[PDB]
Amino acid sequence: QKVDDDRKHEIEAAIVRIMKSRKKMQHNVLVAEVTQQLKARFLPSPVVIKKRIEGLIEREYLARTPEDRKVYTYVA
Amino acid sequence: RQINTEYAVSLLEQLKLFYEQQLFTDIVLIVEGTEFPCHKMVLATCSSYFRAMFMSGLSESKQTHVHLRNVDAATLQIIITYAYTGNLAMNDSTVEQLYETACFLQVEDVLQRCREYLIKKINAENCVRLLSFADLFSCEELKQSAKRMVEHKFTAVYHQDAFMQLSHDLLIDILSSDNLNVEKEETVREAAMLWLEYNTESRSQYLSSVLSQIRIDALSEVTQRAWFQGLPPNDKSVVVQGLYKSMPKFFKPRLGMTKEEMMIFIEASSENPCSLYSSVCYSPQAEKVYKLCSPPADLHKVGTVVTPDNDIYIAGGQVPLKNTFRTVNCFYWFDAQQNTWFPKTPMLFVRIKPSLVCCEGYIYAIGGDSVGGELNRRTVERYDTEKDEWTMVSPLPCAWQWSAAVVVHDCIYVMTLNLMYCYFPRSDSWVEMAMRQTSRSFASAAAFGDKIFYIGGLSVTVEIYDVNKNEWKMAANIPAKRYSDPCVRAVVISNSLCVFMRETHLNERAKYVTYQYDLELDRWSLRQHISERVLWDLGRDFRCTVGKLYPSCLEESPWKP
């Protein structure tokens, strides 16, 4: 459980450190990059990352709106 | 002599005013209930049908009201206003009906204008549609141009909806021609089949004709079994006639199979002292040097780009003023069979040595001395290969000179002295990538696989960058003799990274040799040394690009070993 929580926070740290200087994603564009960056760390765990990327929409700092996925908020 | 600054303009304007006020009119055209009062003189001088309509003695010559049918109201109105003012102002949608009405009314000037407009607008999709249009209304220029465009593109698409509805003669001319741009002989077979599967039992005789046309090389594969599945019942002589197309009718090789991967070079050392530069080609496999015709024949300092569909484009350049070097924003495209250059829509800024990059089917021209006096001296301009227009995009972050740009993973990458920015065409935004630790200019980069190989600069600097790794690293130094100036050229060859370099010493002759480089070995193995008996000196400002060409259409460059 501890290492699972560690991975769950590490993926969020990576996604907020990298996509703050990268492009946008329509359906599954940036997930490939975030898995490639973590290829040498552990398994991609597609279901876990898919369930976790949609949890940040509740507030600011790149909410990543699902309906308005055409453009993402490139702000802080 | 004809006046043009006194009576001509005044007479034309007064005739237009009389038309507006409905004055001195004696003939009115009835078009599905719409009235078009006009004059007989203008109709006679413009249209070659109205002159016979009003001069030849019949019942309609002495007829105030004439009910002309099979003509559109808007097209007739635009024809009348063109006759009354000389301006056509044609759009891109109503060209077909306008041409049909012009052909019916036999108005030669507007017919020629529409013919030129249509021959200039065979872009990507209306090729088969306008080819059928020209087959319906005989037009040799349009027919030939559309035939060439079809032989170039349909051989790569062969699925257009309009292509299904074609007359037998046009399809026979298309298929029997030896200009099919196909690297394989089964694609034309399946195209003919699908053309004969949606309409079967109606064109069975034409089915047999097309079956004979496609010839034995593709007739002996599957056609018999598919026809057995799809033949009408109680058909016996059809089997006899189909079995006959195995031996005869001169099985010969096609032309599209000769898509040899070669290298297109520009601004070479001209053999004649009258000329200054020339464009030539080299064959990696045939070990021969071919030549190409200069697009403007006088303008130089051009940039090259190759689309994934193996197309050659030329943009920008400078030409001497020939008073008793001015920059021109003209555009050109190389014909793969006619060995000529058909111009296209010119640019909006006169660039010097533009860098053209293809991505998502769009041509992106990055930098290359657009103007300089503009507030943002760092701007760009792209091209639309489908709409045939130039669209302004997000400008460059920083102003750079002697830069290079490539495309990787459907993303725009431009390289300068030490900085690099990733333009994303979809979001029209620039992404900051990484910064090189070495400041080198006057060099180019190659987009091989998923890695950018920036080679040279002032040398032999080999800086490899990866999109995923987002990092710059060194591999090795190219084995080059000392006291030399290696003109490095990096380009993809046969899905393998290779280089083309030339070394020059003092009181020594230039040598051309290409090496094979390995990713994990970091070494340029000796692949092939270009003998001087076939290739002569090129120069310093020459450029290299990868593309497929036809040996038969091109001509060998004569030069003494």
# chains A, B, ... in the order shown; residues from 1 in each chain; ligands from 1

$ closest_atom_pairs --of "chain A" --to "chain B" --cutoff "9 Å" --atoms "only C-alpha atoms" --output "CSV"
residue,atom,partner,partner_atom,distance
A:21,CA,B:431,CA,6.8
A:22,CA,B:431,CA,6.1
A:23,CA,B:431,CA,6.8
A:24,CA,B:427,CA,7.8
A:33,CA,B:468,CA,7.2
A:36,CA,B:468,CA,7.4
A:37,CA,B:468,CA,7.6
A:70,CA,B:427,CA,8.6
A:71,CA,B:427,CA,7.5

$ residues_around --residues "residue 200 (chain B)" --least-positions-apart "5" --cutoff "10 Å" --atoms "only C-alpha atoms" --output "PyMOL selection string"
chain B and resi 195+206-207+230-232

$ atom_distance --atom1 "CA of residue 197 (chain B)" --atom2 "CA of residue 163 (chain B)"
13.3 Å

$ atom_distance --atom1 "CA of residue 323 (chain B)" --atom2 "CA of residue 297 (chain B)"
17.2 Å

$ select_by_dssp --residues "region 100-252 of chain B" --states "helix (DSSP H, G or I)" --output "VMD selection string"
chain B and resid 100 to 105 108 to 119 126 to 136 140 to 157 161 to 164 168 to 176 186 to 197 204 to 214 216 to 219 223 to 230 237 to 243

$ write_last_selection --atoms "C-alpha atoms" --output "compact mmCIF listing (two decimals), in the first residue's frame"
# COMPACT_ATOMS: atom_id res chain seq x y z
CA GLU B 100 -21.22 24.56 -69.27
CA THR B 101 -23.23 27.70 -70.05
CA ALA B 102 -20.24 29.27 -71.83
CA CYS B 103 -19.85 26.16 -73.99
CA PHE B 104 -23.57 26.19 -74.77
CA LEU B 105 -23.44 29.90 -75.67
CA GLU B 108 -14.73 32.02 -76.47
CA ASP B 109 -13.11 34.51 -74.08
CA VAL B 110 -14.92 33.36 -70.95
CA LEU B 111 -14.44 29.77 -72.11
CA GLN B 112 -10.67 30.31 -72.20
CA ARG B 113 -10.74 32.09 -68.83
CA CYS B 114 -12.66 29.23 -67.20
CA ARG B 115 -10.39 26.68 -68.88
CA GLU B 116 -7.33 28.38 -67.38
CA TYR B 117 -8.99 28.63 -63.96
CA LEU B 118 -9.90 24.93 -64.01
CA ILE B 119 -6.46 23.85 -65.25
CA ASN B 126 -11.76 17.36 -58.18
CA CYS B 127 -9.21 15.73 -60.51
CA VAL B 128 -11.47 12.83 -61.49
CA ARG B 129 -14.58 15.04 -61.37
CA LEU B 130 -13.12 17.68 -63.67
CA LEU B 131 -11.63 14.93 -65.85
CA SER B 132 -15.15 13.59 -66.37
CA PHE B 133 -16.34 17.17 -66.92
CA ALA B 134 -13.73 17.65 -69.65
CA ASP B 135 -14.66 14.28 -71.16
CA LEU B 136 -18.28 15.44 -71.37
CA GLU B 140 -7.90 18.98 -74.88
CA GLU B 141 -5.90 21.06 -72.39
CA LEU B 142 -8.17 20.16 -69.47
CA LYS B 143 -8.32 16.53 -70.58
CA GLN B 144 -4.53 16.15 -70.72
CA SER B 145 -3.91 18.01 -67.45
CA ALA B 146 -6.57 16.04 -65.58
CA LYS B 147 -5.24 12.80 -67.08
CA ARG B 148 -1.75 13.54 -65.78
CA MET B 149 -3.06 14.57 -62.35
CA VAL B 150 -5.14 11.39 -62.18
CA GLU B 151 -2.19 9.21 -63.21
CA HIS B 152 -0.21 10.89 -60.43
CA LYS B 153 -2.71 10.83 -57.55
CA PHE B 154 -5.48 8.28 -58.23
CA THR B 155 -2.71 5.67 -58.39
CA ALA B 156 -2.17 6.46 -54.70
CA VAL B 157 -5.84 6.97 -53.74
CA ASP B 161 -16.41 8.22 -54.99
CA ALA B 162 -16.51 10.20 -58.24
CA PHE B 163 -14.11 7.75 -59.89
CA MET B 164 -16.77 5.02 -59.86
CA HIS B 168 -15.82 3.36 -70.52
CA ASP B 169 -13.57 5.27 -72.92
CA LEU B 170 -12.10 7.51 -70.20
CA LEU B 171 -11.45 4.54 -67.91
CA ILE B 172 -9.82 2.61 -70.75
CA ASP B 173 -7.58 5.58 -71.52
CA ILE B 174 -6.66 5.89 -67.84
CA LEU B 175 -5.92 2.19 -67.27
CA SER B 176 -4.18 1.41 -70.57
CA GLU B 186 -2.04 -5.50 -57.78
CA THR B 187 -3.41 -2.11 -56.68
CA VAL B 188 -4.59 -1.30 -60.21
CA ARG B 189 -6.12 -4.78 -60.40
CA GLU B 190 -8.12 -4.30 -57.21
CA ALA B 191 -9.09 -0.77 -58.29
CA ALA B 192 -10.49 -2.16 -61.55
CA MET B 193 -12.25 -4.93 -59.63
CA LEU B 194 -13.92 -2.55 -57.18
CA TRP B 195 -14.89 -0.43 -60.19
CA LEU B 196 -16.51 -3.61 -61.58
CA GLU B 197 -18.04 -4.90 -58.32
CA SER B 204 -20.13 -7.19 -68.23
CA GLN B 205 -18.76 -6.48 -71.72
CA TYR B 206 -16.89 -3.50 -70.30
CA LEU B 207 -15.89 -5.83 -67.46
CA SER B 208 -14.25 -8.11 -70.03
CA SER B 209 -12.62 -5.12 -71.73
CA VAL B 210 -11.13 -3.85 -68.45
CA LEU B 211 -10.13 -7.43 -67.60
CA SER B 212 -8.14 -7.56 -70.85
CA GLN B 213 -6.76 -4.07 -70.19
CA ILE B 214 -5.34 -4.94 -66.77
CA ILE B 216 -2.11 -11.14 -67.51
CA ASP B 217 0.27 -10.03 -64.73
CA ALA B 218 -2.76 -9.17 -62.60
CA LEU B 219 -5.26 -11.36 -64.48
CA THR B 223 -9.81 -12.46 -60.93
CA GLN B 224 -11.06 -15.85 -62.15
CA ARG B 225 -12.32 -16.97 -58.73
CA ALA B 226 -13.94 -13.62 -57.90
CA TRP B 227 -15.69 -13.59 -61.28
CA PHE B 228 -16.86 -17.18 -60.72
CA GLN B 229 -18.36 -15.99 -57.44
CA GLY B 230 -19.95 -13.01 -59.18
CA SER B 237 -19.26 -17.97 -73.85
CA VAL B 238 -18.13 -15.44 -71.24
CA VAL B 239 -15.91 -18.17 -69.78
CA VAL B 240 -14.50 -18.81 -73.26
CA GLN B 241 -13.70 -15.13 -73.82
CA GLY B 242 -12.21 -14.75 -70.33
CA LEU B 243 -9.97 -17.80 -70.71

$ atom_distance --atom1 "CA of residue 338 (chain B)" --atom2 "CA of residue 282 (chain B)"
18.9 Å

$ residues_around --residues "residue 46 (chain A)" --least-positions-apart "4" --cutoff "9 Å" --atoms "only C-alpha atoms" --output "compact mmCIF listing (two decimals) with N, CA and C atoms, in the first residue's frame"
# COMPACT_ATOMS: atom_id res chain seq x y z
N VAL A 31 -0.54 10.62 -22.40
CA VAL A 31 -0.38 9.44 -21.56
C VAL A 31 0.75 8.56 -22.07
N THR A 35 3.94 7.58 -19.79
CA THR A 35 4.33 6.19 -19.59
C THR A 35 5.76 5.94 -20.06
N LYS A 50 -5.30 6.45 -15.68
CA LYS A 50 -6.52 7.00 -16.27
C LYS A 50 -7.50 7.44 -15.18
N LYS A 51 -7.61 6.67 -14.10
CA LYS A 51 -8.50 7.06 -13.01
C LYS A 51 -7.95 8.23 -12.22

$ closest_residue --among "A:18, A:32, A:66, A:1" --to "residue 49 (chain A)" --atoms "only C-alpha atoms"
A:32

$ residues_around --residues "residue 19 (chain B)" --least-positions-apart "5" --cutoff "9 Å" --atoms "only C-alpha atoms" --output "list in words"
residues 14, 24, 25, 37, 38, 39 and 84 of chain B

$ write_last_selection --atoms "C-alpha atoms" --output "mmCIF file, in the first residue's frame"
data_model
loop_
_atom_site.group_PDB
_atom_site.id
_atom_site.type_symbol
_atom_site.label_atom_id
_atom_site.label_comp_id
_atom_site.auth_asym_id
_atom_site.auth_seq_id
_atom_site.Cartn_x
_atom_site.Cartn_y
_atom_site.Cartn_z
ATOM 1 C CA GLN B 14 -22.001 54.195 -71.294
ATOM 2 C CA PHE B 24 -32.296 51.147 -75.978
ATOM 3 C CA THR B 25 -32.966 47.466 -75.249
ATOM 4 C CA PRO B 37 -33.324 42.762 -70.963
ATOM 5 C CA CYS B 38 -30.164 43.381 -72.980
ATOM 6 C CA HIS B 39 -28.876 44.387 -76.418
ATOM 7 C CA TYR B 84 -21.033 44.573 -70.477
#

$ closest_residue --among "A:40, A:75, A:29, A:15" --to "residue 53 (chain A)" --atoms "only C-alpha atoms"
A:15
